[PDB]
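Working notes for the structure below.
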Ligand SMILES: [K+]
Ligand SMILES: [K+]
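Have a look at this one:
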């Protein structure tokens, strides 16, 4: 019955969507984009009277009349979802509608949403019109509100809106009065629009973005279209065109384009839809992600007497974006799209501050991302100004996702066209003059059909200079870019070798970054970096969508689906957390991998004797003469043998060779590493000149027989093997025990999020009972200084998981060799997570030192990043707080590892080749069992894992699982570890 | 054992307490006091790593070493008590120590606080030294932290501090390094200092005020003493003296005193404790609360080459403060101290923003308060800058209150002298140059003894130009002002008529403003305004100390003692809420009374025929020629008969007569009101020219027989009396019922907070069972159009509370007269709350209109404020949300009241003299029962009360209960109401 139950009720009395035309005070203000400090702007953000009900019948219907008294109401902060200020229920669900549930007495039935279970938040505040605004036109702007609202000013109805992610505006000039004014919005949690707002995110309510007033003369700048292109022959001369829509009602409109040095470079004047003259800048400064060169465009209306009545403006970037000869190109250069999807998220909900937005782009740039896709809705206006300013390509996207709904698709019901086209026009209008926006996207998981054909058609008709994509379009005409998402390496290869294609393969979403993830990233990039027509894609995604809480003991933790509300509250668990960073922008390990693979200066060692390196310049518009190579050779002892700085010139996409020189490795050193690091000669305000923007390490075998790390005999070793399990049950040094538990064979790791979906993952492990192993002795032979045990490896059901031979040999050294031979019964063991030994030490042994890949967590299918070296750390520092606790803390390519107390007591452990290890504060049982961070408890011991083999992590939570070279072999295998007690 | 278990461990390595000597960039910065934007200042506020334990043994001891890893810790906002960010437990107790309780396994035992139950919050963050600070001296400043902390920088111990309300500072210059610095504070909830921090407030923890760094040259301004007095002969020539302490190590120190027009008026130069020359300003601009005239003092160190190396400064106010001929005088004029006590409080705890502080002083000034007492601790530095700027006298007070502890007093244990004198020096040093500070106070509920004798002695030795008071001193020498608090009108009169006294009586705390309160305020002021030597006092207090929460249905409410923690958590209930405003600075009714009695222009009607008024000018330094009188005569119909503006000259403290002129009242009008209102000719930035700063109304009897409000016969009335109760059980108008319940006699009101302590209050009422009354018919006589019932009034125990005669008479009018005669059995009924009728109407009758004192809640002993007039309102608007729900909504001096639906249906009710009424959304049972606002539920009806008599509210929660003229008489009484149905 009411408006928010209709898919047509998308607005009433709003202004036509347009570009932001904030009136500024001063051309100098226009260059800074500093419009909020304008005398013609007034925020309505702040504290507002607020009221909440479940059931629109029980609401205070008359709260919008100035006479209705709201003094006994609470305040609520605006902007900010009300779920994060103590009201109602935050719900996370995924491919479903949270309201399509029994808790709400409703089955989904578009365009209808629940009625009696629907929620109303009534907002009201008062305000004074600034004195200086006398006789001016005043516009009310609400930057975004979810889901549907009525709005009143002074008790006069303005109208209503659906569409939560772009501004709605009303001209409220004739509704204002003297003295105290009031403003009211009545906000519904659900309307028909929610069916198009079924994004993979928190389902939240209320006023999400700024609410404000701005004021213009009776005659104003209503809109304007900026064209700043390059000629398509050499891409060197700028093309400048400008149209200005003047609204209302002798006078002139004039523009001035100025360069970074405030010098005027183009300028026009006319005495309503004014079309200025086409103009040309030769040898113009061009815009792109690496050199975001900008101009400032000032637009002024003038009195019949030549006085300035209004000034507005925007940054201008001369640049082109196109699909050329089937490849996506910026300024005539086909580029690799190294990007990420970004959702808007903070502890306040959908509401993101300027500092958090700046944090976002600062970290992105620091980790070699060059493009961002706006996860299924346009973003806060300020995000685009950041991208123009610091250089990111934006793939902007209409707020349209009806995942919850083939033949019943909302893409094919023409009665939803008005909603679709409204959402699309609004996305286009507000951002059309940003150079940072390179691609328009039509929506997300909303199906294909006539609605997206009209959307595509319309968009193409007004936009000639940006590609338009749509992922659900697949190969149909209505998409300019083949977006297909989460495809496997093979599927990309099936595509690019076809001869009847004309569109680049660019992954809209790929490499699902959920929990301990982003395995197989190297393999994707071997393809992109070699296929002229798979140009990369956008990682899913940037930031975990989580909320930090604190339990009754002061233990903090991350929340996700099911965590707020009653017991059977709709919920898709932790699947909203998929980020390269945690919710407060602290990076996850896998993000360091992304910085490594996304780097723009890649190198190989081409000649070991001269140390000659081939350097490939993956930049699109930067010469390597902007950077400085630092190189150095270092021995396993941590002694720099040769170091230098170097300066190479090399053009984008070109390669270049560089000889470093032979370097004499001593005979006492066992191996050496050649490290290459690159930094910039000039800072940006985001990256200083000490920040390592690309690196590479290469292993140099040397002649030493022993690790300069090997300790010397440190007293008298004893040990004991268990009659029953065959496990090493004791190891002393002059009587002092070193083990807090026996050494046994482990085959299992507490599931990562991926492990839980992986075809070869924890589903198999837990079902074979690998997380519950015991050893039984079949035969045990002992001498004074050695032992050989043949054991059965059983799960808790008693089933034999495999056969093993455990060989303990005390060396004349005092070191103990442990050589293990294991073979799983591959008749019913289809997978193992790892192959190695595990044991506990008392938690005083927290000084961990190792020679291995570091300083951060790496896995065999995620370890291009990091550098082999000597590193100091602790089990507390190694444990990474993934939203659900899972395996963490792995080190790869390990030569040796030490665990010691501060007193110096401990052991130094080596193998016969590079191994993997971890050492964590929490046991495996506990870590597997914990569902939230605060569930973790310490038991006085650390758990050490020594692995000959452990699986990669892959990305199975969505898309490819661990690739085959990274699975753990099931053949008979033998691996050995040698423990050297120390003092 | 550890430092915080000792009362001597008050600091280590701190700088000597001093005045704030922030280095500014610019003399222009110095005038604005804008030091936070200085290049030599850097905030450390923001997000910090945080960790919390119960039990100092279980804490992360090494968190202060740069090597200790805190990446898996949460963040916490600084500043702000941690209890308000999800940690530990907020506790409110009063004259007790929260730790002296069984929950904490501890009995109070100074100087020891609990050990295993004590709480540790470890805070750490990193920071970069600004580049420009190379070679500069750097100071760390923590403006306040509760209770005891250790602090480290870069792993170097700085020292520790006790004393939560003034800054601690360390010179950290040699502890800084290149790159990332770290800072650590380890904060304890309790130390020995807590025994002196037993204020009536929330017991809270952590970093409460700003933490920051400032930077000076090796040679700096360490301190300085400003003297700006007036000659004690005419108080017209300014006396200026300045001492500057220069620390560290050719150079000159120079000052310039400048007036509001940046013109230099005094200035010196010298080539370390520099004493400048005594100087004199004739006809200087003088400082006081009404005209806070200021000068700006700039102090500059200069190079041997005359270059500026450091600039600092402060505002200067030429003014004197003294006890002259036994009276407190500002600038030779004895003033009335109209003030309030202020605690620091927001939703963050003890932490108060600039906007909230400005809100505080803005409302205070708007309600004619001229002085503020700092409730038992010095305040945030910025508070003093507000008082200098806008004009408030400050009574500043050392952070010393050991209420929890006669002969065992901490005032008499000399081992606590170091704590006492430390707390006192610190209060003195930081504020000595503020003109707004007029009185120093020694502490609060801490007893008298040798410690306060040394404190008093010391203070007197360094301070010659401000009185020093101490409330627990009583009449002993160590107090310059007789502060005795909460004394009755009589006790003040016993004092001021003594001839052996030499000290003014100034109430340190009086008129406890808890719940529905501030009764008897007129009577206090009749005394102050007539006793040259009782000069007023400070209301307790300014702001409720409450926290707003939201329950599971979106119902907000205020919290108080017992509301956080387990069940038997220490608690003194709602006694922390005693304010003239609620916690978010919305005023309580009683605050409008304070504006009325504190007003500075008081008037009486001296001649009714000419309308001649006597005007008394209670200002101390303002002529009435700064104001504008608006006057007007108005008839009970709401028709202005005469109005005008007037301009009078009258000197402070002098009186003046003013004839308004005779005015002809029509013969149709029954009474007229003469309203006088005053406004200022010139705005301050706090009070515009439309704000009514003082008013007065006078009643003018006229000849009309009827209220121009009386309706005309509106159809056919019927009614019904109950066979059993004698109650009016029905009243219809053409068949339509008007009552939702019977009309019965009420004697009780849901207890106010005062009612619950009052000698004549709810203790008596509830014990006589007055809240549970029934009527039983003794005899009932009926005719067609009238009824007479003799009833017994019984409590629920069946005991006869009194006898009543109920007389119902239907008038030829259709109006029903109800005449009630009641007499309580004064053998065991010692008190009644009111005498009147009560009944319910369905809640559609929400349109209330009345001719009475309004627009706000008044009681017979709190009704000097407001104006009789015609007012529109609703039961929802009438209900005031006192922290615990209690009686509210009373109107006094009522001629008639109407209750109608929007359709216009209802009744118009009059009496035979002024009565009282209320009409509320919640029943009395429910209102009495509710302990928190969200407990209140609506039942579909409003409760109307028509009172012939109701008690005052008094101030018994602390101090005098309802005064005798305001008690409800227990004699036989007869009162009548006439109900006129309307359509
Ligand atoms: K887990
Ligand atoms: K109550």
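Chains as they are written, first to last, in UniProt numbering: chain A, 30 to 278, 282 to 303, 311 to 444, 447 to 1024; chain B, 30 to 278, 282 to 303, 311 to 444, 447 to 1024.
All C-beta atoms in this analysis are idealised placements derived from N, C-alpha and C, irrespective of residue type, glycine included.
- If you look at residue 1021 of chain A, you'll find it isn't in any alpha helix (DSSP H); it sits in the beta strand (DSSP E) that goes 1014-1023.
- With contacts defined by Cβ atoms closer than 8 Å, residue 970 of chain A and residue 876 of chain A do not form a contacting pair.
- Identification of chain A residues near residue 729 of chain B by a Cβ-Cβ cut-off of 7 Å yields none; the smallest Cβ-Cβ distance measures about 11 Å.
- The DSSP assignment places complete alpha helix (DSSP H) segments of no fewer than 4 residues inside the region 786-849 of chain B at 794-798, 803-809, in order along the chain.
- Look at residue 107 of chain B: its C-beta is not under 8 Å from any C-beta on chain A.
- Counting only residues of its own chain and dropping the five nearest sequence neighbours on each side, residue 822 of chain A has a CB closer than 6 Å to the CB of 829.
- Residue 1008 of chain B is positioned such that its CB atom lies closer than 8 Å to that of residue 801 of chain B.
- Annotation note: the region 719-769 of chain B contains the following uninterrupted beta strand (DSSP E) runs of length 3 or greater, listed N- to C-terminal: 735-742, 758-762.
- Proximity of the beta carbon of residue 971 of chain B to ligand 2 is indicated: a heavy atom of the ligand is located closer than 7 Å.
- When secondary structure is reduced to three states using DSSP, residue 327 of chain B falls in the coil class, being assigned neither helix nor strand.
- For the 8 Å CB-CB criterion, residue 229 of chain B and residue 147 of chain B do not form a contact.
- Beta bridge pairing from DSSP links residue 373 of chain A with A:368.
- For residue 843 of chain A and residue 945 of chain A, the gap between their C-alpha atoms comes out near 38 Å.
- When distances are taken from the beta-carbon of residue 420 of chain A to the heavy atoms of ligand 2, even the shortest one reaches 7 Å or more.
- When only Cα atoms are considered, residue 202 of chain B and residue 49 of chain B end up about 18 Å apart.
- The Cβ atoms of residue 244 of chain B and residue 358 of chain B lie no closer than 8 Å to each other.
- Residue pairing for residue 197 of chain B: DSSP places it in a beta bridge opposite B:171.
- Around the CB of residue 685 of chain A, fewer than 16 other CB atoms lie within 10 Å, so the residue is classed as exposed.
- For the pair residue 533 of chain B and residue 487 of chain B, the CB atoms are not nearer than the 8 Å cut-off.
- Shortest gap from the CB of residue 962 of chain B to any heavy atom of ligand 2: 7 Å or more.
- Under the three-state reduction of DSSP output, residue 666 of chain A falls in the helix class.
- Counting of Cβ neighbours within 10 angstroms places residue 319 of chain A among the exposed residues, the total staying below 16.
- Within the region 889-904 of chain A, not one residue has a Cβ closer than 9 Å to any Cβ of chain B.
- Following the DSSP letters along the chain, one finds residue 462 of chain B in no beta strand (DSSP E) but inside the alpha helix (DSSP H) bounded by residues 458-472.
- For a Cβ distance threshold of 9 Å, residue set 98, 100, 101 of chain A lies close to residue 918 of chain B, ordered along the chain.
- Check the Cα spacing between residue 634 of chain A and each of A:897, A:235, A:194, A:276: the tightest is with A:897.
- Ligand 2 has a heavy atom closer than 7 Å to the beta-carbon of residue 927 of chain B.
- Chain-ordered, the chain B residues with CB closer than 9 Å to the CB of residue 589 of chain A read 103, 104.
- Taken through DSSP and simplified to helix, strand or coil, residue 968 of chain B comes out as helix.
- Remark: C-beta atoms of residue 736 of chain A and residue 748 of chain A do not approach each other more closely than 8 Å.
- Annotation: Cβ neighbours of residue 625 of chain A in chain B (cutoff 8 Å, chain order): 104.
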